[PDB]
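Each chain, letter by letter, is given below.
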Protein chains: 2
Amino acid sequence: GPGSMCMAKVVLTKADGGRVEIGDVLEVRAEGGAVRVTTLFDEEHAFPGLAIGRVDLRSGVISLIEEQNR
Amino acid sequence: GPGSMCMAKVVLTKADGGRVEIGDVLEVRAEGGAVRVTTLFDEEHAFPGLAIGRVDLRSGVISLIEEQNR
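Every chain's residues are listed with numbers counted from 1 in the order the sequence is written; these need not match the entry, and residues without coordinates are not shown. Chains and ligands are labelled by the order in which they are written, letters from A for the one and numbers from 1 for the other. Hydrogens and water molecules were not included; the side-chain quantities draw on all heavy atoms of the structure.

- Structure determination for this PDB entry is given in the record as solution NMR.

Okay, structure coming up:
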């Protein structure tokens, strides 16, 4: 199989108050105005006005929050 | 049954310019003015004026950056 590795899921909330979730994530990045997310299958996603809030390596979860410096 | 667990490292830099690294990280949390870091062995570290910059599950690496929202 693939051997030793780690992977996770991202969860976030829209300006509408709607929840959104992304599986099979290999990396997450906070830019100077947005959060970026990239999967095992090379799909990239990007969300303006977010920041990275919490990370958990036991559960395999990342939670994003709405940034307040903007 | 196989082990489902993962852990990371955290990397950051002090206001004195001193480089800092933390191993065996279980979870990380950005509060409204500080980052907190908790280990697999129930130790804890805390750092005011940081935010989470990157989370790289492929490598097991978390990177912190200086908060601009002060």
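Here's the deal with the state of the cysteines
Reasoning step 1: Only a pair of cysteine sulfur atoms within 2.5 Å counts as a disulfide in this structure description. Tallying each qualifying case throughout the model produces one disulfide over all chains.
Reasoning step 2: Across a sulfur-sulfur distance of 2.0 Å, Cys6 of chain A and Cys6 of chain B are joined as a disulfide pair. With the S-S dihedral at roughly 105 degrees, the linkage between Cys6 of chain A and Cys6 of chain B falls on the right-handed side. Of this pair, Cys6 of chain A sits in the segment before β1 (8–13) while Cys6 of chain B sits in the segment before β1 (8–13), each in a different chain.
Reasoning step 3: Note on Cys6 of chain B: relative accessible area 14%, which makes it buried. Working definition: helices are DSSP H or I runs of at least four residues, strands are E runs of at least two. Numbering for both runs from the N terminus. Buried residues are those whose accessible area, probed at 1.4 Å on protein chains only, stays under 20% of the maximum for their type, while exposed residues exceed 50% and partly exposed ones sit between those limits.

Looking at the relation of the copies chain A and chain B
Reasoning step 1: Overlay of chain A on chain B (RMSD 1.4 Å): rotation 177 degrees, translation along the axis 0.4 Å. Expressed as an axis order, the relation between the two copies is that of a two-fold axis. Closest approach to the rotation axis among the C-alpha atoms of chain A is made by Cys6 of chain A, whose C-alpha sits 2.6 Å away. Copies are aligned with a least-squares fit on their C-alpha atoms.

A word on the pattern of salt bridges
Reasoning step 1: Any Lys or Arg side-chain nitrogen found within 4 Å of a carboxyl oxygen on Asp or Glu counts as a salt bridge. The full count for this structure, using the stated rule, is 14 salt bridges over all chains.
Reasoning step 2: With its nearest N and O atoms 2.7 Å apart, the salt bridge here joins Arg29 of chain A to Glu27 of chain A.
Reasoning step 3: Owing to a relative accessible area of 26%, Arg29 of chain A belongs among the partly exposed residues under this scheme.
Reasoning step 4: Each of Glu27 and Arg29 of chain A together with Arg54, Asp56 and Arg58 of chain B takes part in one network of salt bridges that share partners.

Things to note about the interface of chain A and chain B
Reasoning step 1: What makes two residues a contact is simply this: any of their non-hydrogen atoms within 4.5 Å. Counting residues at the interface gives 19 residues for chain A and 20 residues for chain B.
Reasoning step 2: The term buried area denotes the loss of accessible surface (1.4 Å probe radius) that occurs when two parts are joined, taken as the sum for both partners. Buried area between chain A and chain B, summed over both chains or domains, comes out near 1900 Å², and the portion from carbon and sulfur atoms is 56%.
Reasoning step 3: When the buried surface of chain A facing chain B is broken down by residue, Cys6, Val55 and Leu57 of chain A rank first, second and third, together holding 33% of it.
Reasoning step 4: Linking chain A to chain B there are two salt bridges.
Reasoning step 5: The salt bridge partner of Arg58 of chain B is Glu27 of chain A, with a shortest N-O separation of 2.8 Å.
Reasoning step 6: Taken together, the elements giving at least two residues each to the side of chain A that touches chain B come down to β2 (19–30) and β5 (50–56) of chain A.
Reasoning step 7: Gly is placed with the polar residues, together with every amino acid not listed as nonpolar (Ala, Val, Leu, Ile, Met, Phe, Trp, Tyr, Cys and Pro) or charged (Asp, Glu, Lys and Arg). In terms of residue class, the side of chain A that touches chain B is made up of 11 nonpolar, three polar and five charged.
Reasoning step 8: Note that β5 of chain A and strand β2 (residues 19–30) of chain B share three bridges and pair antiparallel. Two strands qualify as a pair provided that DSSP identifies no fewer than 2 bridges between them.

Describing the pairing of strand β3 (residues 34–39) of chain A
Residue and element names in this part refer to chain A.
Reasoning step 1: The element β3 is extensively covered by neighbouring structure, given that five of its six residues are classed as buried.
Reasoning step 2: In this structure, the hairpin formed by β2 and β3 is closed by a connection of three residues, where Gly33 is found at a positive phi of approximately 155 degrees.
Reasoning step 3: Bridging between β3 and strand β4 (residues 44–48) involves five bridges; their strand directions are antiparallel. When the bridges of β4 are listed, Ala34 appears paired with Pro48.
Reasoning step 4: Where β3 folds back onto β4 in an antiparallel hairpin, the turn is made up of four residues, including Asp42, whose phi is positive at roughly 60 degrees.

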